[PDB]
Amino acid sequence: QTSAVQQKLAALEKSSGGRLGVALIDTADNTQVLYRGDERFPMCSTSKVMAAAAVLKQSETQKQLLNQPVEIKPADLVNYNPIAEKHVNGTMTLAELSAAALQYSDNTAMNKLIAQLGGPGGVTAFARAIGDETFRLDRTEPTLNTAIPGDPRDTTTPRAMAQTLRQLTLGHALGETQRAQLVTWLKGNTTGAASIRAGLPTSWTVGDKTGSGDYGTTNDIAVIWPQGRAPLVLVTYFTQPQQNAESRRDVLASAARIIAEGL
């Protein structure tokens, strides 16, 4: 079947010229709304949530792990390092790296999280351990954002990412203190006001993680606390056929607005 919401999302996608993927979980009733929910999309920096969460899981058995200093060398800097560049020839703790990766989208910080987990496959292994059979991280920053159409590397589906984001932030994939820390970090994101949040009523509270890459790829994954009702989890992924396409955060906002109107 095609619902009214799905037909609106299809119209939005048609006008946009690109390929749109949406997954909503409404935790009030556990119902789901999907659009291309089982197609693969490049995650780009939305993958930083999985890396930070994997380190939070490690910290459940190491009380001092988040305070461990990690060296930042000049050679570690990649292509977007607003926080890590201030620490070159010094150190950042794993908490600081997690916060920088999540709230500023720092790519050097992400690479330190990946290294702490033993490489991209350590992030995938954590995903499997929490029941996500779809997520795959194959590369480090910045090349995990190449976003080439048809490339399976560094992709997931909207359905899988919404389920995982729910388990991480609202369910029991992490210990209680770690879940709360992840939610605090997401709610303090600096990069998200033009994405999912721009399509929602202003009274609603949002924590989110954005992503973008080549092929005009523009992504956001969010946990949403609407005024007076149980939380929602929403994934909006968007990618375009030409390498040099411009970012389209407005398409994510428009998808979120359609979703909110259908509640």
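We number the residues from 1 along the sequence you see.
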Averaging CA B factors per stretch from the PDB record, which one is higher: 68 to 76 or 104 to 112? 68 to 76
Ranked by mean Cα B-factor in the entry, 228 to 236 and 54 to 62, top stretch is 228 to 236
Options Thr217, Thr202, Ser195, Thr46 - largest CA temperature factor per the record: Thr202
In this crystal structure's PDB entry, the residue among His172, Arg139, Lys187, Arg136 with the greatest CA B factor is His172
Taking the values exactly as deposited, rank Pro158 by C-alpha B-factor within its chain and report the matching third: lowest, middle or highest. lowest
Once the chain's modelled residues are ordered by C-alpha B factor and cut into thirds, is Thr93 in the lowest, middle or highest one? middle
Using only modelled residues of the chain, where does the Cα B factor of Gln178 rank: lowest third, middle third or highest third? middle
What third of the chain does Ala253 rank in for C-alpha temperature factor, lowest, middle or highest? lowest
Quick one: classify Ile130 as lowest, middle or highest third of the chain based on its Cα B-factor. highest
